[PDB]
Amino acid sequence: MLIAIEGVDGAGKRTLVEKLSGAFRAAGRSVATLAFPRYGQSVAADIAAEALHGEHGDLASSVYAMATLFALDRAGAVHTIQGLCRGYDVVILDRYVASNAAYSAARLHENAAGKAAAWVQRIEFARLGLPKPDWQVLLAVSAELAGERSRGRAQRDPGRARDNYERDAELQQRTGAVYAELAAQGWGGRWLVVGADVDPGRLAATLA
């Protein structure tokens, strides 16, 4: 079973992945996890992050260039994802294809039924062959709270300074809205919308 955890920056995805993995293991299922971007394992991922931190000229100014880099990162992980799914009962991803649809649409002020989301579908699922997730869990959080979390992280960790997207409050808001739309239409597969107070035990029961 392939599960992807989605949400804006500072929504609490990493923590949910930890809690969910614990819940699945408590139920006797083997679990494997993978997070995108795969910094260090993909040149595309590293360049993307660096661009969001002010490097690489005009790269970050292009919505499709950034989306392409994240897609190329996932493209290189197809084998890994396929291998993990045939080796573990559950594979949980911290961000997946929907992140690209949500952020790209939001940067262009488009909705989930727009051009960017459709492009992501065509490129990542059809062309690159990335498997569609059995479940996509949207960790919906107030834009204000998520932004506060991102800022707090930068304050206590010199290695966690915010990037161009995280510093854009309006972008984060629009991204949360597109995510809600993607979930409602079942973009890429079935979705579940949860809050910061979701019970890991029952969530795992719903997914497993």
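In case it trips you up, residue 1 is the first one in the sequence shown, and so on. Here the rigid core means the biggest group of C-alpha atoms that line up within 1.5 Å when the two forms are laid on top of each other.
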Relative to this form, superposed by the core, which stretch has the greater CA RMS in 8 other deposited structures of this protein: 6 to 14 or 184 to 192?
6 to 14
Any chance residue 175 is unbuilt in a third or more of the other entries we compared?
no
Please determine whether residue 58 lacks coordinates in at least a third of the other PDB entries of this protein that model its flanking residues.
no
Avg C-alpha B-factor, entry values, 75 to 83 vs 123 to 131, higher side is 75 to 83
Entry-level comparison of average CA B-factors, 10 to 18 and 192 to 200, reporting the higher stretch:
192 to 200
What's the residue among 148, 46, 163, 55 with the greatest CA temperature factor in the PDB record?
148
35, 140, 66, 182, ranked by C-alpha B-factor: the highest one:
140
Taking the values exactly as deposited, rank residue 154 by C-alpha B-factor within its chain and report the matching third: lowest, middle or highest.
middle
Residue 167, C-alpha B-factor rank within chain (lowest, middle or highest third)
middle
Quick one: classify residue 5 as lowest, middle or highest third of the chain based on its Cα B-factor.
lowest
How does residue 41 rank on Cα B-factor within its chain, lowest, middle or highest third?
highest
Considering every modelled residue of the chain and its Cα B-factor in the PDB entry, is residue 30 in the lowest, middle or highest third?
highest
